[PDB]
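Take a look at the structure set out below.
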Amino acid sequence: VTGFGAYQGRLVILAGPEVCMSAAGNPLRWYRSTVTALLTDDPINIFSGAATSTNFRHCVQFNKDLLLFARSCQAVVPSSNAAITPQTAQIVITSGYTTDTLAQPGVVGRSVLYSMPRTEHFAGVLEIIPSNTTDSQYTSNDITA
Amino acid sequence: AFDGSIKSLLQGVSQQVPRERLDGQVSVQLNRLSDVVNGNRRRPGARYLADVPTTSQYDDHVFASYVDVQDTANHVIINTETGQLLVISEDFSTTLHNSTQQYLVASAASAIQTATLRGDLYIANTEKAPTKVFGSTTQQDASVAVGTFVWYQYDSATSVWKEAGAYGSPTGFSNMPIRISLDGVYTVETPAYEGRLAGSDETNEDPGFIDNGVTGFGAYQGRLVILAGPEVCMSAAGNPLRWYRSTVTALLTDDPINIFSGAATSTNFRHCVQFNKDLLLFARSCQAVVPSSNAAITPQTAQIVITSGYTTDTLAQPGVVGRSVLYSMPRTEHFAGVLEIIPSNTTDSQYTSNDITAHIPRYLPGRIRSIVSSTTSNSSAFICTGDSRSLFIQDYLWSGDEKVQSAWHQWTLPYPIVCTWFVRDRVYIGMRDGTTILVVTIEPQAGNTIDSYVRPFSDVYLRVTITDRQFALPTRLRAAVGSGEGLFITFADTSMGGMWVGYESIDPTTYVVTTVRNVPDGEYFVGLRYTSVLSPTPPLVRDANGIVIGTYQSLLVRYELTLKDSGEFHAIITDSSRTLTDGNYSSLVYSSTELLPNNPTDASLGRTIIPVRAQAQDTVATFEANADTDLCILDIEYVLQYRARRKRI
Amino acid sequence: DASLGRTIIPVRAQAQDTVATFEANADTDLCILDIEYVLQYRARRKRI
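For the protein sequence lines, the chains are A, B and C, in the order given. Here the entry's author numbering is used: the first residue of the first sequence is 341, the next is one more, and so on. For reference, each letter of the second sequence is one residue, going 2 to 142, 265 to 271, 276 to 776 in the entry's author numbering. Here the entry's author numbering is used: the first residue of the third sequence is 729, the next is one more, and so on.
In structure tokens form, the structure reads like this:
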């Protein structure tokens, strides 16, 4: 377990390149309850991959989505017009900034801050803001150059 | 007479006529930096780290990358001639794996590709083709019966009726990509891929990559991706070993998928990148994307769509710089270019491409062979096949939704360059000294001190101790000094740190060096020299509306230079047919408290003046410096003599 | 403390080759509303 959080009434446990979610409103259920069919409310797990490697470390909800942070890439879990189900969950990469993973990101109402390394002995900061004229879309800026 | 000032010096080189150059562009830059905040100063020196335990005779038979295990990051090095695989620690202190692999033999280091899906790193060689293999089986023309579509086999061991594909079906593959573990022990093993278990040739066809071979590799949505020219193949969801459809009684969402493509002439996809939530495909004369949706990709919704028609090249893998992606294009038979693609922000997947090298159509020799990204310092690096001893840089900056800086310039190094890669806020460079490989790094955004020592202005420098005005020349510099390279020595400690010292002789048999008189025993650096040429652009006269006038009726009198810190440098001014000015200049005077014995010879602020006396635009100016002192230019001013004799209208 | 006032400081040196600092470590505040200077610069040729 390399992370922890909640989303859509489901506990979330990060396991590196995988994301695990419990049953809807039941934090004690992690295995699928019945095999006679496929139930919407049963737990769900979803996989991810990249060119070198990925290891998600933190999660934040913010603009109706769920954000995932790693060293060399960033991903999001898209929302939809229907509650997440085992047949629609997915992870998609969105950017390629290099960052650090010692400090949990913070939220200041209209933006989210996460740190990056400048050199061996100095640090930086980045900021991410959402678009206002469409669905989930993000852009990041450097505010300590 | 009138005066003036050049606006800035932060837009790199250009090759247009002076009438059209944008503000800030210069004519020549070499071994300089386009740094903001600090100005246009010289680059730092390259530091020596270690030598990789391998050998090579050619400049392009080496591949390098990195992989992460737990909290550690490790380097991956592959030699493509003898087929060797190496894994090293982040500090080059220990070797974690070393073995030979006959599968990794290829002509050049551009055929290797990698991907990671669950817990292993896969390596693919695009120069080799897989083939089907048939194993011994008990099936008979183990009776087989057909229901109804579905085929069944009878297992006489337990009397069950298990499914089976058909008679004569394959049971595996050969020449497939190898796999490496990442659990912490680095095991290498060829995985066992599955043959057909259900379905016949008319309902479970070949994956498609059997015939066209493998021309690419990548991962997407937890599925391995194998490009087979005009086709794209994907494995099962979370199962890299499954390529055929598992069952025929129905159609399962999680089973593999293949999708076809076509065009007016031909298509052959070669590379893939994820970027803005989609998957991008690159080819010579067209580009395509695999659209995302509100539901996970399924066999009943996958498609490929063309989006643009730019002509590009396919030797170098595209790079990502956070907000954009770079891929190369050919300019002409002997020069290259670059293109950039950025996503839209007010809708779903939409892309637009721009050309960002139209103003330098003859600055990049040959074909681009590599692309590197350093988002931690806002720069990028390119390697060209036309010259193996130079590295081309770019510097960019962003503000809101606007791009402000596109500086270009060139560097040079004493040895041929082999490969480059980026790991955790540094860029590494490998060079071929004889048949051995070295490793050096350049960090422009670092201070002036490294662990109580002052960094020198030299390349591939090492630390050494001097006793009785003698020491032994390190091995890795004997070849360079023997071919004209200039040996350079500097102080390493105390107040006099960074100052030049000289030598008197080198013994041909033992390579012992004797220094100049009166140097005390202590620590010292040793390295090589380089030059830092620069050349401004001639001034111009511009009226109220911005039009240019007096190109043949103006005369230049003088230059004024303001320097934040510098020593003596060298300036040459020449005309169409003769030299005008020449000689050394400096900003440190005999009455400045900065000039003391046992202290560096630099001035914190000063000025210099240079006479020209010639036609403004028929001139060339250069400033050189190849010593231990910096050269930082803050501003430039001139005196212009122009006299209009009629009103304007 | 004074509700409003002013202070004057002489420098007499090159403009950019200077460093200025203001310290206060006592029970009184230090609120700076504005800063003004006197500059001596004299051009001797027109500009163009």
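Ideal Cβ positions, reconstructed from N, Cα and C, are used throughout, including at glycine.
Using a Cβ distance threshold of 8 Å, B/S28 and B/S662 count as a contacting pair. Sequence-ordered contacts of the region 287-308 of chain B with chain A are nonexistent [C-beta pairs closer than 7 Å]. Cβ-Cβ separation between B/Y580 and B/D620: approximately 6 Å, consistent with a contact (criterion under 8 Å). Here B/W535 is buried. Its C-beta has 16 or more other C-beta atoms within 10 Å. The C-beta of B/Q401 comes closer than 8 Å to at least one C-beta of chain A.
Counted as a single uninterrupted DSSP element, the beta strand (DSSP E) harbouring B/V359 occupies residues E358 to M361. Chain A has no Cβ within less than 8 Å of the Cβ of B/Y313. For B/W370, DSSP assigns no beta-bridge partner whatsoever.
Ranking B/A606, B/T127, B/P583 and B/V88 by CA distance to the CA of B/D560 puts B/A606 first.
Leaving aside the five residues that flank B/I763 on each side, the residues in its chain whose CB is nearer than 8 Å to its CB run, in chain order, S6, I7, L10, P663, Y686, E687, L688 and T689. Rounded to whole angstroms, the separation of the alpha carbons of A/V341 and B/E128 is 40 Å. Within chain B, the residues placing a beta-carbon under 7 Å from that of C/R773 are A2, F3 and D4, ordered along the chain. Among the CB atoms of chain C, none fall inside 8 Å of the CB of B/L690.
Annotated as distal: B/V134 and B/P304, with beta-carbon spacing of 8 Å or more.
Among the residues of the region 117-133 of chain B, none has a Cβ less than 9 Å away from any Cβ of chain C.
Going by C-alpha positions, B/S419 is about 31 Å away from B/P457. Rounded to the nearest angstrom, the Cβ distance from B/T117 to B/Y123 is 7 Å, consistent with a contact under 8 Å. DSSP places B/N385 in the strand class (E or B) of the three-state scheme. In the three-state reduction of the DSSP assignment, B/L105 falls in the helix class.
Residues of chain B with a Cβ closer than 9 Å to the Cβ of A/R458 are, in chain order, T503, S504, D552 and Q572. Contact between B/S713 and B/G694 is confirmed by a C-beta separation of about 6 Å, below the 8 Å threshold. Taking a contact to require three or more Cβ pairs closer than 8 Å, the region 381-392 of chain B and the region 348-365 of chain B qualify as touching. Cβ-Cβ distances below 8 Å link C/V747 to nothing in the same chain once the five nearest sequence neighbours on each side are left out.
Just measuring C-alpha positions, the residue of B/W538, B/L524 and B/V68 sitting nearest B/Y490 is B/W538. Flagged as an interface residue toward chain B: A/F387, by a C-beta distance shorter than 8 Å. B/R605: member of the alpha helix (DSSP H) spanning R605 to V608, first to last residue. Under a 10 Å Cβ-count criterion, B/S497 is classified as buried, with 16 or more other Cβ atoms of the shown protein chains found around its own Cβ.
Not a single C-beta of chain C is nearer than 8 Å to the C-beta of B/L683.
In the structure shown, B/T602 adopts helical secondary structure according to DSSP, grouped into three states. In terms of Cβ geometry, B/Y478 and B/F409 do not form a close pair [threshold 8 Å].
Contact annotation: the region 424-440 of chain A touches the region 395-407 of chain B, with at least three C-beta pairs closer than 8 Å. Taking one beta carbon from each stretch, the region 648-657 of chain B and the region 611-627 of chain B have 3 or more pairs nearer than 8 Å; the two touch. A Cβ of chain B is located within less than 8 Å of the beta carbon of A/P418.
Closest option to B/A265, judged by alpha-carbon separation, among B/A293, B/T56 and B/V416: B/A293. Excluding residues up to 5 positions away in sequence, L688, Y712 and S714 lie with their Cβ nearer than 6 Å to the Cβ of B/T735 in the same chain.
DSSP, reduced to helix, strand and coil, places B/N339 within a helical segment of the structure shown.
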